[PDB]
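Naming: A, B, ... by sequence-line order, numbering from 1 per chain. Below, each value reflects all heavy atoms present in this structure, side chains not excepted, and no hydrogens, waters or symmetry copies.
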Amino acid sequence: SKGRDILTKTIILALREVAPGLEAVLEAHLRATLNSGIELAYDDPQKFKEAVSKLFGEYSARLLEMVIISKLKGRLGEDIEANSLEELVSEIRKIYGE
Amino acid sequence: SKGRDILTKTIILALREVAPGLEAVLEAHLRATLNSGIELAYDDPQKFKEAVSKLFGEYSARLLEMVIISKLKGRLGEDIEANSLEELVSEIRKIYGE
Amino acid sequence: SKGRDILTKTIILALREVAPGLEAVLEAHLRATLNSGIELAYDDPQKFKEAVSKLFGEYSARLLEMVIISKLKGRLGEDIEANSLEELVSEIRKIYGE
Amino acid sequence: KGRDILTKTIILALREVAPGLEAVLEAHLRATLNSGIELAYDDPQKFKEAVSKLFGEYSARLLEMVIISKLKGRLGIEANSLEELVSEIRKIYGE
Ligand SMILES: [Zn+2]
Ligand SMILES: [Zn+2]
Ligand SMILES: [Zn+2]
Ligand SMILES: [Zn+2]
């Protein structure tokens with residue numbers, strides 16, 4: 001779906017902004033532990049967060065969550081008030097009628 | 001200085017926003033390894049970045065850097081142009097003539 | 001108890017072997033998130049492991065667990081079978097009859 | 001052979017930690033250094049630095065300790081660092 005694609009792609013761009021290899025590192029982790037990709041952020045935000053926490057810890061996971069939200073606010077601009085990835089996905093679904 | 005105070009407080013608030021124990025954890029790390037506090041971010045940004053990287057790795061350090069820059073822009077001017085903590089400190093010093 | 005003492009001492013020395021600040025860093029994390037100390041490893045190994053995983057991620061938590069098990073092995077019995085901290089504590093309790 | 005034994009031993013250690021650690025570390029090493037796990041033998045100092053960049057110094061030190069322990073287990077003897085470990089392997093196979 002459109003919302004799913006924008007979230008996934010925007011997260012990937014954020015990972016690339018952090019460092020060249022973060023996409024590869026996180027994807028290696030997601031594939032090996034959940035047989036999933038970055039799309040998990042949209043499909044199951046809670047599980048995605050838990051997976052990131054298992055990779056670098058909760059502090060790092062929270063930092064990533066904060067960055068992702070800030071980046072989506074920068075792309076979608078309009079009224080994003082989410083404080084969590086779960087809230088962010090909920091808002092995206094409302095914006096795109098999903 | 002005004003700039004040192006503003007940068008340090010902004011970082012401290014960011015850590016508290018991340019999670020309840022991040023301030024204590026990072027401060028324990030800086031105290032034990034460099035006998036310094038969070039003010040090190042202003043006094044020697046490169047050393048501060050290096051220290052955070054030693055605590056959680058470079059991916060996590062980068063995420064914190066991005067979050068700090070974003071929060072300072074919201075504190076001072078929506079668009080300081082700094083893309084690194086070093087540039088951020090340089091810009092703050094230019095703004096306050098420090 | 002003797003078992004609690006031996007396990008706690010083993011962990012503390014392992015932390016100091018890793019790096020000068022690890023004891024302080026892990027203790028800051030345990031204090032802030034669980035109002036507990038390193039003794040939690042004996043009192044509730046599952047919770048201790050979960051806490052370390054929240055600090056540095058599961059891969060790092062596993063490495064620490066592996067080190068703790070290896071150290072206790074070469075201290076008590078070079079024959080114990082523990083593969084997890086919970087199993088290690090269970091074995092210590094049986095060995096000391098606690 | 002020394003460079004092959006250290007590499008194979010490291011990989012086995014990574015697998016004992018968790019299923020995806022090998023994949024995770026290799027993804028990191030080749031995005032950042034276009035290198036593999038053999039960097040541990042070719043340049044142990046750099047390898048440790050690379051691992052430190054992935055999870056931090058505390059985690060990298062823990063991995064070093066586990067690697068030294070494992071290699072000692074399948075090889076035998078004196079080594080408390082990765083640099084010394086590689087220096088010892090060289091002496092055993094004249095490298
Ligand atoms: Zn990808
Ligand atoms: Zn001042
Ligand atoms: Zn006692
Ligand atoms: Zn040791």
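The side-chain heavy atoms of C:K9 and C:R75, taken from C-beta on, include a pair separated by under 4.5 Å. By the 4.5 Å heavy-atom criterion applied to side chains, C:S36 and C:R31 are not counted as neighbours. When side chains are defined from C-beta on, C:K54 does not count as touching C:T33, because their heavy atoms never get closer than 4.5 Å. Residues A:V89 and A:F48 are not in side-chain contact: their nearest non-hydrogen atoms beyond the backbone lie 4.5 Å or more apart. In this structure the side chain of D:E57 reaches within 4.5 angstrom of the side chain of B:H29, judged on heavy atoms.
Ion pair D:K91/D:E88 flagged as a salt bridge, since at least one NZ, NE, NH1 or NH2 atom sits closer than 4.0 Å to an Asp/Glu carboxylate oxygen. Taking 4.0 Å as the cut-off between side-chain N and carboxylate O, B:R62 and A:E17 do not count as a salt-bridged pair.
Residues B:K49 and B:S53 bring no donor and acceptor atom of their side chains to less than 3.5 Å of each other. Side-chain contact annotation: B:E98 with B:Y42, donor-acceptor N/O pair under 3.5 Å present.
Taking the six-membered ring for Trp and thresholds of 30 and 60 degrees, D:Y58 and C:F56 have ring planes inclined between 30 and 60 degrees apart.
B:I95 and B:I68 end up in the same hydrophobic cluster when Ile, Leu, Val, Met, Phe, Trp and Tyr side chains are linked at under 4.5 Å. A:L30 and A:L13 fall into different hydrophobic clusters, defined by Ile, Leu, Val, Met, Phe, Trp and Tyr side-chain heavy atoms under 4.5 Å apart, directly or through other members.
Under a 3.5 Å cut-off, the side chain of D:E83 and the backbone N or O of D:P44 do not form any donor-acceptor pair. For the pair C:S70 (side chain) and C:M66 (backbone), a donor-acceptor distance under 3.5 Å is absent.
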Determine, stepwise, if the pair C:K73 / C:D79 fulfils salt bridge (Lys or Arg N to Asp or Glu O under 4.0 Å).
-> CA-CA 7 Å; C:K73 237 155 140 154; C:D79 190 286; over 6 Å; no

Take C:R16 and C:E23 through the salt bridge (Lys or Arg N to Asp or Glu O under 4.0 Å) test and state the conclusion after the steps.
-> CA-CA 6 Å; C:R16 297 177 180 168; C:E23 182 180 3; 2.8 Å; yes

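The environment of D:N80 atom CG is sparse: at most 12 non-hydrogen atoms of other residues, nucleotides or ligands sit within 6.0 angstrom.
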